[PDB]
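J.: Structure file protein.txt (compact mmCIF, N, CA and C atoms and all ligand atoms) is given on the next line.
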# COMPACT_ATOMS: atom_id res chain seq x y z
N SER A 7 22.33 138.25 248.92
CA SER A 7 21.10 137.53 249.31
C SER A 7 19.86 138.22 248.74
N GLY A 8 18.75 137.49 248.76
CA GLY A 8 17.43 138.03 248.47
C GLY A 8 16.54 137.03 247.78
N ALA A 9 15.24 137.26 247.81
CA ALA A 9 14.24 136.32 247.31
C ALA A 9 13.08 137.07 246.67
N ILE A 10 12.28 136.35 245.91
CA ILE A 10 10.98 136.82 245.36
C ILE A 10 9.90 136.11 246.15
N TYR A 11 8.89 136.82 246.62
CA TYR A 11 7.76 136.27 247.39
C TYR A 11 6.49 136.50 246.59
N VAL A 12 6.09 135.52 245.79
CA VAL A 12 4.90 135.57 244.92
C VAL A 12 3.95 134.46 245.36
N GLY A 13 2.69 134.81 245.67
CA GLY A 13 1.69 133.83 246.08
C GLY A 13 2.23 133.06 247.27
N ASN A 14 2.17 131.72 247.19
CA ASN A 14 2.73 130.92 248.30
C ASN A 14 4.09 130.33 247.87
N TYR A 15 4.86 131.09 247.10
CA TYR A 15 6.20 130.68 246.65
C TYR A 15 7.25 131.68 247.11
N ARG A 16 8.41 131.13 247.46
CA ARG A 16 9.67 131.84 247.71
C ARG A 16 10.67 131.41 246.64
N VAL A 17 11.18 132.36 245.85
CA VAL A 17 12.14 132.12 244.74
C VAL A 17 13.49 132.61 245.17
N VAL A 18 14.47 131.73 245.20
CA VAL A 18 15.85 132.06 245.62
C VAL A 18 16.87 131.51 244.64
N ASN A 19 18.10 132.01 244.75
CA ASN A 19 19.20 131.36 244.02
C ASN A 19 19.36 129.93 244.60
N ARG A 20 19.38 128.90 243.78
CA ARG A 20 19.57 127.51 244.27
C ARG A 20 20.76 127.44 245.20
N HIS A 21 21.84 128.13 244.88
CA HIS A 21 23.09 127.98 245.68
C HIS A 21 22.96 128.64 247.05
N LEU A 22 21.93 129.44 247.27
CA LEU A 22 21.70 130.12 248.58
C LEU A 22 20.50 129.51 249.31
N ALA A 23 19.86 128.50 248.75
CA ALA A 23 18.68 127.90 249.41
C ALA A 23 19.07 127.33 250.78
N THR A 24 18.13 127.44 251.69
CA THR A 24 18.34 126.98 253.08
C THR A 24 17.77 125.56 253.23
N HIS A 25 18.07 124.95 254.38
CA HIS A 25 17.43 123.65 254.72
C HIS A 25 15.90 123.77 254.66
N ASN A 26 15.34 124.85 255.19
CA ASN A 26 13.87 125.05 255.16
C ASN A 26 13.38 125.07 253.72
N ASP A 27 14.14 125.73 252.82
CA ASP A 27 13.71 125.77 251.42
C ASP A 27 13.64 124.36 250.90
N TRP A 28 14.70 123.57 251.15
CA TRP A 28 14.73 122.19 250.61
C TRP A 28 13.65 121.28 251.26
N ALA A 29 13.36 121.55 252.51
CA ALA A 29 12.32 120.81 253.25
C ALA A 29 10.90 121.21 252.84
N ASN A 30 10.76 122.26 252.02
CA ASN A 30 9.47 122.79 251.52
C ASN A 30 9.61 122.99 250.02
N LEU A 31 10.28 122.07 249.36
CA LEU A 31 10.68 122.26 247.96
C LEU A 31 9.47 122.21 247.06
N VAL A 32 9.41 123.13 246.09
CA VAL A 32 8.43 123.06 244.98
C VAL A 32 9.12 122.62 243.69
N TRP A 33 10.22 123.28 243.34
CA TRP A 33 10.91 123.09 242.06
C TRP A 33 12.32 123.63 242.23
N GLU A 34 13.27 122.99 241.61
CA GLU A 34 14.65 123.48 241.54
C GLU A 34 15.27 123.05 240.23
N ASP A 35 16.24 123.84 239.79
CA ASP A 35 16.95 123.59 238.53
C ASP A 35 18.36 124.14 238.67
N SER A 36 19.33 123.25 238.84
CA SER A 36 20.76 123.62 238.90
C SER A 36 21.17 124.41 237.66
N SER A 37 20.73 123.97 236.48
CA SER A 37 21.15 124.63 235.22
C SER A 37 20.80 126.12 235.26
N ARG A 38 19.77 126.53 235.99
CA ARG A 38 19.29 127.94 236.06
C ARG A 38 19.68 128.64 237.36
N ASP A 39 20.26 127.91 238.33
CA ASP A 39 20.53 128.48 239.69
C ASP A 39 19.24 128.96 240.37
N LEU A 40 18.09 128.27 240.20
CA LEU A 40 16.85 128.66 240.85
C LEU A 40 16.33 127.54 241.72
N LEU A 41 15.73 127.94 242.81
CA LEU A 41 14.95 127.04 243.65
C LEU A 41 13.74 127.79 244.18
N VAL A 42 12.64 127.09 244.19
CA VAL A 42 11.35 127.61 244.67
C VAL A 42 10.88 126.73 245.82
N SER A 43 10.56 127.35 246.93
CA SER A 43 9.98 126.68 248.11
C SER A 43 8.57 127.21 248.36
N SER A 44 7.81 126.49 249.16
CA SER A 44 6.44 126.88 249.51
C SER A 44 6.46 127.69 250.81
N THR A 45 5.53 128.65 250.94
CA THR A 45 5.48 129.62 252.05
C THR A 45 4.14 129.43 252.78
N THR A 46 4.09 129.80 254.06
CA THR A 46 2.84 129.73 254.87
C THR A 46 2.04 130.99 254.53
N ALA A 47 2.71 132.13 254.47
CA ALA A 47 2.07 133.44 254.19
C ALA A 47 2.14 133.75 252.70
N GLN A 48 1.10 134.39 252.17
CA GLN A 48 1.02 134.88 250.78
C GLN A 48 2.00 136.04 250.62
N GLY A 49 2.79 136.01 249.54
CA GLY A 49 3.61 137.16 249.15
C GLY A 49 2.86 138.05 248.19
N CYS A 50 3.45 139.19 247.86
CA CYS A 50 2.77 140.22 247.06
C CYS A 50 3.59 140.63 245.86
N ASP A 51 4.74 140.01 245.61
CA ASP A 51 5.55 140.41 244.44
C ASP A 51 4.83 139.97 243.18
N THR A 52 4.84 140.83 242.20
CA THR A 52 4.25 140.55 240.89
C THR A 52 5.38 140.15 239.94
N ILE A 53 5.27 139.03 239.28
CA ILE A 53 6.26 138.60 238.29
C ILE A 53 5.92 139.29 236.98
N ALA A 54 6.92 139.84 236.32
CA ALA A 54 6.77 140.44 234.99
C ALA A 54 6.41 139.31 234.03
N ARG A 55 5.48 139.63 233.13
CA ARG A 55 5.14 138.74 232.01
C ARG A 55 5.33 139.57 230.77
N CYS A 56 6.46 139.45 230.12
CA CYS A 56 6.94 140.41 229.10
C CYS A 56 8.26 139.95 228.49
N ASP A 57 8.72 140.66 227.46
CA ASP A 57 10.07 140.49 226.89
C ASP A 57 10.85 141.80 227.00
N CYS A 58 10.61 142.56 228.07
CA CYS A 58 11.45 143.75 228.33
C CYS A 58 12.91 143.42 228.33
N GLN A 59 13.72 144.38 227.91
CA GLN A 59 15.20 144.34 227.99
C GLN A 59 15.71 145.60 228.65
N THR A 60 14.85 146.32 229.33
CA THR A 60 15.31 147.41 230.18
C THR A 60 14.64 147.28 231.54
N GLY A 61 15.38 147.57 232.59
CA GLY A 61 14.83 147.51 233.95
C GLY A 61 15.82 148.11 234.93
N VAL A 62 15.59 147.82 236.19
CA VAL A 62 16.42 148.35 237.30
C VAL A 62 16.74 147.19 238.20
N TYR A 63 17.99 147.05 238.59
CA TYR A 63 18.37 145.99 239.56
C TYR A 63 18.97 146.57 240.84
N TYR A 64 18.79 145.82 241.91
CA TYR A 64 19.42 146.15 243.21
C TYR A 64 20.77 145.47 243.35
N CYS A 65 21.75 146.32 243.66
CA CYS A 65 23.14 145.92 243.90
C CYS A 65 23.52 146.17 245.34
N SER A 66 23.47 145.13 246.17
CA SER A 66 23.71 145.25 247.63
C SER A 66 25.14 145.70 247.91
N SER A 67 26.10 145.37 247.05
CA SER A 67 27.53 145.77 247.27
C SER A 67 27.73 147.24 246.96
N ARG A 68 26.76 147.97 246.45
CA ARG A 68 26.83 149.43 246.29
C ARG A 68 25.69 150.15 246.99
N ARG A 69 24.78 149.42 247.63
CA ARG A 69 23.55 150.01 248.20
C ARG A 69 22.88 150.91 247.15
N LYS A 70 22.77 150.41 245.92
CA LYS A 70 22.21 151.23 244.83
C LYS A 70 21.36 150.36 243.92
N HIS A 71 20.33 151.00 243.37
CA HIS A 71 19.53 150.45 242.26
C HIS A 71 19.98 151.06 240.96
N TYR A 72 20.34 150.27 239.97
CA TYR A 72 20.91 150.78 238.70
C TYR A 72 19.94 150.44 237.57
N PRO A 73 19.69 151.41 236.70
CA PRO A 73 18.97 151.13 235.47
C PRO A 73 19.90 150.43 234.49
N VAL A 74 19.41 149.40 233.83
CA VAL A 74 20.23 148.61 232.90
C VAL A 74 19.41 148.11 231.74
N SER A 75 20.09 147.95 230.61
CA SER A 75 19.64 147.10 229.49
C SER A 75 20.17 145.69 229.71
N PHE A 76 19.38 144.68 229.39
CA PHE A 76 19.76 143.27 229.64
C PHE A 76 19.36 142.43 228.46
N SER A 77 20.11 141.35 228.28
CA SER A 77 19.98 140.53 227.08
C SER A 77 18.85 139.55 227.27
N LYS A 78 18.66 138.72 226.25
CA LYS A 78 17.57 137.73 226.20
C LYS A 78 17.98 136.51 227.01
N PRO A 79 17.05 135.86 227.75
CA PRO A 79 17.41 134.67 228.53
C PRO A 79 18.03 133.59 227.66
N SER A 80 19.26 133.18 227.97
CA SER A 80 20.07 132.33 227.08
C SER A 80 20.95 131.40 227.90
N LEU A 81 21.55 130.45 227.20
CA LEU A 81 22.55 129.51 227.76
C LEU A 81 23.91 130.14 227.58
N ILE A 82 24.57 130.48 228.69
CA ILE A 82 25.84 131.26 228.66
C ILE A 82 26.89 130.58 229.55
N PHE A 83 28.15 130.58 229.12
CA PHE A 83 29.28 130.16 229.95
C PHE A 83 29.51 131.19 231.04
N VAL A 84 29.56 130.72 232.26
CA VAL A 84 29.89 131.54 233.44
C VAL A 84 31.29 131.16 233.83
N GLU A 85 32.21 132.13 233.91
CA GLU A 85 33.60 131.84 234.34
C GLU A 85 33.62 131.47 235.82
N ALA A 86 34.68 130.72 236.17
CA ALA A 86 35.15 130.44 237.55
C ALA A 86 35.46 131.76 238.24
N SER A 87 35.15 131.81 239.53
CA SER A 87 35.37 132.99 240.39
C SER A 87 36.00 132.50 241.70
N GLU A 88 36.26 133.40 242.64
CA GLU A 88 36.92 133.02 243.91
C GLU A 88 36.16 131.87 244.58
N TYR A 89 34.83 131.88 244.57
CA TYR A 89 34.04 130.95 245.42
C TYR A 89 33.34 129.87 244.59
N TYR A 90 33.28 130.00 243.26
CA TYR A 90 32.45 129.11 242.40
C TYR A 90 33.19 128.66 241.15
N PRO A 91 32.99 127.41 240.70
CA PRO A 91 33.60 126.94 239.46
C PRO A 91 32.91 127.45 238.17
N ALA A 92 33.57 127.25 237.01
CA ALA A 92 33.11 127.63 235.68
C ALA A 92 32.01 126.62 235.32
N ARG A 93 30.90 127.08 234.74
CA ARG A 93 29.78 126.20 234.29
C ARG A 93 28.90 126.96 233.29
N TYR A 94 28.11 126.23 232.48
CA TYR A 94 27.05 126.82 231.65
C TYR A 94 25.83 127.03 232.53
N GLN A 95 25.16 128.17 232.37
CA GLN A 95 23.89 128.44 233.06
C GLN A 95 22.86 128.82 232.03
N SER A 96 21.68 128.26 232.14
CA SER A 96 20.54 128.53 231.25
C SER A 96 19.65 129.64 231.79
N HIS A 97 18.85 130.23 230.91
CA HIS A 97 17.83 131.27 231.21
C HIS A 97 18.50 132.48 231.87
N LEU A 98 19.72 132.75 231.48
CA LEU A 98 20.57 133.81 232.04
C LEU A 98 20.50 135.02 231.13
N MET A 99 20.44 136.19 231.73
CA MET A 99 20.39 137.47 230.99
C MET A 99 21.59 138.30 231.47
N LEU A 100 22.32 139.01 230.62
CA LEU A 100 23.47 139.80 231.03
C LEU A 100 23.17 141.28 230.85
N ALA A 101 23.77 142.07 231.72
CA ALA A 101 23.83 143.54 231.61
C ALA A 101 25.26 143.97 231.93
N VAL A 102 25.61 145.16 231.47
CA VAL A 102 26.86 145.82 231.90
C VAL A 102 26.58 146.44 233.25
N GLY A 103 27.28 146.00 234.25
CA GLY A 103 27.02 146.51 235.60
C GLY A 103 27.88 145.82 236.60
N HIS A 104 27.89 146.33 237.80
CA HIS A 104 28.66 145.73 238.90
C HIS A 104 27.88 144.61 239.58
N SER A 105 28.55 143.53 239.91
CA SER A 105 27.99 142.36 240.62
C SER A 105 29.15 141.70 241.37
N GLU A 106 28.96 141.42 242.66
CA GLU A 106 29.82 140.57 243.51
C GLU A 106 29.00 139.39 244.01
N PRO A 107 29.61 138.28 244.48
CA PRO A 107 28.83 137.14 244.91
C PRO A 107 27.67 137.46 245.85
N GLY A 108 27.91 138.31 246.84
CA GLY A 108 26.88 138.64 247.83
C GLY A 108 25.71 139.43 247.24
N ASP A 109 25.84 139.90 246.00
CA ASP A 109 24.74 140.59 245.29
C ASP A 109 23.70 139.60 244.78
N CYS A 110 23.98 138.31 244.76
CA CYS A 110 22.98 137.29 244.33
C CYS A 110 21.70 137.45 245.11
N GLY A 111 20.56 137.47 244.40
CA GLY A 111 19.24 137.55 245.02
C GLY A 111 18.66 138.94 244.84
N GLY A 112 19.49 139.92 244.45
CA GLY A 112 18.96 141.27 244.16
C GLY A 112 17.94 141.25 243.04
N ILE A 113 16.86 141.98 243.20
CA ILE A 113 15.77 141.97 242.18
C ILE A 113 16.12 142.85 240.99
N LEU A 114 15.83 142.28 239.82
CA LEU A 114 15.70 143.05 238.56
C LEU A 114 14.21 143.25 238.30
N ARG A 115 13.79 144.49 238.09
CA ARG A 115 12.37 144.81 237.85
C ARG A 115 12.26 145.69 236.61
N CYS A 116 11.15 145.51 235.92
CA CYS A 116 10.70 146.36 234.79
C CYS A 116 9.36 146.97 235.15
N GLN A 117 8.73 147.65 234.21
CA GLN A 117 7.39 148.20 234.46
C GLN A 117 6.37 147.11 234.73
N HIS A 118 6.61 145.86 234.35
CA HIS A 118 5.62 144.78 234.54
C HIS A 118 5.77 144.02 235.85
N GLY A 119 6.90 144.24 236.56
CA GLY A 119 7.17 143.58 237.83
C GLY A 119 8.55 142.95 237.85
N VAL A 120 8.67 141.90 238.64
CA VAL A 120 9.99 141.27 238.87
C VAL A 120 10.34 140.44 237.65
N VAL A 121 11.51 140.67 237.08
CA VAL A 121 12.03 139.97 235.90
C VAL A 121 12.84 138.75 236.33
N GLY A 122 13.63 138.91 237.38
CA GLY A 122 14.59 137.89 237.79
C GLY A 122 15.44 138.40 238.95
N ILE A 123 16.45 137.59 239.29
CA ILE A 123 17.34 137.90 240.43
C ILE A 123 18.78 137.78 239.97
N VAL A 124 19.61 138.59 240.59
CA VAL A 124 21.06 138.54 240.33
C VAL A 124 21.55 137.12 240.59
N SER A 125 22.38 136.59 239.71
CA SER A 125 22.86 135.18 239.81
C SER A 125 24.35 135.05 239.48
N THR A 126 24.88 135.89 238.60
CA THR A 126 26.28 135.76 238.15
C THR A 126 26.91 137.14 238.01
N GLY A 127 28.24 137.17 237.83
CA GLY A 127 28.98 138.42 237.65
C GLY A 127 30.40 138.18 237.21
N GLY A 128 31.11 139.22 236.88
CA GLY A 128 32.48 139.03 236.34
C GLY A 128 32.65 139.90 235.14
N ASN A 129 33.87 140.39 234.90
CA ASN A 129 34.26 141.12 233.68
C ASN A 129 33.32 142.31 233.46
N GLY A 130 32.84 142.96 234.52
CA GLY A 130 31.96 144.13 234.39
C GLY A 130 30.55 143.81 233.93
N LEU A 131 30.16 142.56 233.98
CA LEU A 131 28.79 142.16 233.66
C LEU A 131 28.09 141.63 234.91
N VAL A 132 26.81 141.80 234.92
CA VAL A 132 25.90 141.20 235.92
C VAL A 132 24.95 140.29 235.16
N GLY A 133 24.80 139.10 235.68
CA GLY A 133 23.89 138.08 235.13
C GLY A 133 22.68 137.87 236.02
N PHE A 134 21.51 137.80 235.41
CA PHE A 134 20.22 137.62 236.10
C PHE A 134 19.56 136.33 235.68
N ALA A 135 19.10 135.56 236.65
CA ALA A 135 18.26 134.37 236.38
C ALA A 135 16.85 134.86 236.11
N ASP A 136 16.38 134.62 234.88
CA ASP A 136 15.02 135.01 234.51
C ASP A 136 13.98 134.17 235.27
N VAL A 137 12.84 134.74 235.57
CA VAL A 137 11.69 133.98 236.13
C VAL A 137 10.44 134.23 235.28
N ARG A 138 10.54 135.01 234.19
CA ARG A 138 9.29 135.44 233.52
C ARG A 138 8.65 134.24 232.79
N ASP A 139 9.38 133.18 232.50
CA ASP A 139 8.81 132.01 231.81
C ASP A 139 8.13 131.09 232.82
N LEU A 140 8.20 131.31 234.14
CA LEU A 140 7.68 130.35 235.13
C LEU A 140 6.25 130.78 235.44
N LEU A 141 5.34 130.48 234.50
CA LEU A 141 4.00 131.07 234.55
C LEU A 141 3.23 130.51 235.74
N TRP A 142 3.60 129.30 236.18
CA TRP A 142 2.93 128.66 237.35
C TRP A 142 3.14 129.41 238.68
N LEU A 143 4.10 130.34 238.74
CA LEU A 143 4.33 131.11 239.97
C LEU A 143 3.08 131.96 240.30
N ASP A 144 2.29 132.26 239.25
CA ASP A 144 1.08 133.14 239.25
C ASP A 144 -0.14 132.38 239.79
N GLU A 145 -0.08 131.06 240.01
CA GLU A 145 -1.30 130.25 240.33
C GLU A 145 -1.06 129.24 241.47
N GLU A 146 -2.05 128.38 241.74
CA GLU A 146 -1.98 127.16 242.61
C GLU A 146 -1.54 127.56 244.02
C1 LIG B 1 26.67 138.12 241.42
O1 LIG B 1 27.44 136.93 241.32
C2 LIG B 1 28.80 137.02 241.14
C3 LIG B 1 29.49 138.21 240.98
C4 LIG B 1 30.87 138.19 240.79
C5 LIG B 1 31.55 137.00 240.74
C6 LIG B 1 30.86 135.81 240.88
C7 LIG B 1 29.48 135.80 241.09
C8 LIG B 1 28.80 134.52 241.18
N1 LIG B 1 28.96 133.47 240.44
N2 LIG B 1 28.07 132.53 240.91
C9 LIG B 1 27.41 133.07 241.94
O2 LIG B 1 27.85 134.34 242.14
ZN ZN B 2 8.55 144.10 231.41
Translate this file's structure into structure tokens.
Ligand SMILES: COc1ccccc1-c1nnco1
Ligand SMILES: [Zn+2]

T.:
Amino acid sequence: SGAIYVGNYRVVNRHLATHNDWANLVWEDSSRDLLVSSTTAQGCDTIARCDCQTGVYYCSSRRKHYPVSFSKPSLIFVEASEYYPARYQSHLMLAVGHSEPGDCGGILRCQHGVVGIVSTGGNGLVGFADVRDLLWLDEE
């Protein structure tokens, strides 16, 4: 689990969104596993605006933050797992690292702020849903 709280937005994995998120929907995209809902209180997370490929992510299944190199946001095949079917996911970045389903929502951060959230895993890779292209999270 986990979310990004920027301005009056809450950013979550689409597959973990709650009824409240859907009842306060701003934007969602199945292809990216992202959903954004509106918040009553202002958040303080800063979204990275950059093309960094190094950062640190939170892995809840190890209670650890790991430094990682990560790839460019791309359209990648995600294999079937115990709880989820095989599908293509867009705006996905991969790193070599540990990820289990319950790690979804863990923050990836660089020196510029939040890059994205854990979204996929398998075969010793961790996949992150990028948010750095969603420039509107910074306004309105
Ligand atoms: C961090 O995510 C995973 C790690 C391992 C296996 C599957 C997943 C996953 N796939 N879709 C959602 O979670
Ligand atoms: Zn950066």

J.: Using only C-alpha atoms and a cutoff of 12 Å, can you tell me which residues are near (16.8, 134.6, 227.7) in the file's coordinates, and write them out as a list in words?

T.: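 Those residues lying close to the given coordinates are residues 38, 56, 57, 58, 59, 76, 77, 78, 79, 80, 81, 82, 95, 96, 97, 98, 99, 100, 121, 122, 133, 134, 135, 136, 137, 138 and 139 of chain A.
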
J.: Could you tell me how far atom N of residue 106 (chain A) sits from atom N of residue 67 (chain A), in Å to one decimal place?

T.: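 Result for atom N of residue 67 (chain A) versus atom N of residue 106 (chain A): 6.6 Å, one decimal.
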
J.: I want to know what sits within 6.5 Å of residue 119 (chain A), based on all atoms listed in the file, with residues of the same chain fewer than 4 positions away left out; could you give that as a PyMOL selection string?

T.: chain A and resi 52-55+114-115

J.: Between CA of residue 23 (chain A) and CA of residue 144 (chain A), what is the spacing in Å?

T.: 21.0 Å

J.: Going by DSSP on the backbone, which residues of region 7-113 of chain A come out as alpha helix (DSSP H)? List them as a list in words.

T.: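 Alpha helix (DSSP H) members of region 7-113 of chain A, listed: residues 25, 26, 27, 28 and 29 of chain A.
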
J.: Chain A near ligand LIG 1 (chain B) within 5 Å: what's each residue's closest atom pair and its distance in Å to one decimal, counting only N, CA and C atoms and all ligand atoms, ordered by chain then ascending residue number, as JSON lines?

T.:
{"residue": "A:105", "atom": "C", "partner": "B:LIG1", "partner_atom": "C3", "distance": 3.5}
{"residue": "A:106", "atom": "C", "partner": "B:LIG1", "partner_atom": "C3", "distance": 3.3}
{"residue": "A:107", "atom": "N", "partner": "B:LIG1", "partner_atom": "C3", "distance": 3.5}
{"residue": "A:109", "atom": "C", "partner": "B:LIG1", "partner_atom": "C1", "distance": 4.7}
{"residue": "A:110", "atom": "N", "partner": "B:LIG1", "partner_atom": "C1", "distance": 4.3}
{"residue": "A:125", "atom": "C", "partner": "B:LIG1", "partner_atom": "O1", "distance": 4.1}
{"residue": "A:126", "atom": "C", "partner": "B:LIG1", "partner_atom": "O1", "distance": 3.4}
{"residue": "A:127", "atom": "N", "partner": "B:LIG1", "partner_atom": "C2", "distance": 3.4}
{"residue": "A:128", "atom": "N", "partner": "B:LIG1", "partner_atom": "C4", "distance": 4.1}

J.: Record the distance separating atom C of residue 72 (chain A) and atom N of residue 111 (chain A), expressed in Å with one decimal.

T.: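 Computed distance, atom C of residue 72 (chain A) to atom N of residue 111 (chain A), equals 14.7 Å.
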
J.: Return the single residue from A:60, A:75, A:129, A:46 that is closest to residue 116 (chain A), with distances computed using only N, CA and C atoms.

T.: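 Among the listed residues, the smallest separation from residue 116 (chain A) belongs to A:60.
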
J.: Select, from A:117, A:145, A:102, A:31, the residue with the minimum atom-to-atom distance to residue 130 (chain A), counting only N, CA and C atoms.

T.: A:102

J.: Using only C-alpha atoms, which of the listed residues (A:94, A:101, A:143, A:88) sits closest to residue 10 (chain A)?

T.: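 Of the candidates, the smallest distance to residue 10 (chain A) is held by A:143.
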
J.: From the options A:33, A:70, A:86, A:61, which residue's atoms come nearest to ligand ZN 2 (chain B), counting all atoms listed in the file?

T.: A:61

J.: Name the closest residue to ligand ZN 2 (chain B) among the candidates A:21, A:104, A:118, A:68; distances are taken between atoms, counting all atoms listed in the file.

T.: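 Comparing A:21, A:104, A:118, A:68 against ligand ZN 2 (chain B), the winner is A:118.
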
J.: To box region 127-142 of chain A, take all atoms listed in the file, fit an axis-aligned box, add 6 Å on each side, and give centre and edge lengths in Å to one decimal, as JSON.

T.:
{"center_x": 18.6, "center_y": 136.4, "center_z": 235.2, "size_x": 43.3, "size_y": 27.5, "size_z": 18.9}

J.: Identify which of the residues A:63, A:14, A:92, A:69 lies closest to residue 42 (chain A), counting all atoms listed in the file when measuring atom-to-atom distances.

T.: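 Checking each of A:63, A:14, A:92, A:69 against residue 42 (chain A), counting all atoms listed in the file, the winner is A:14.
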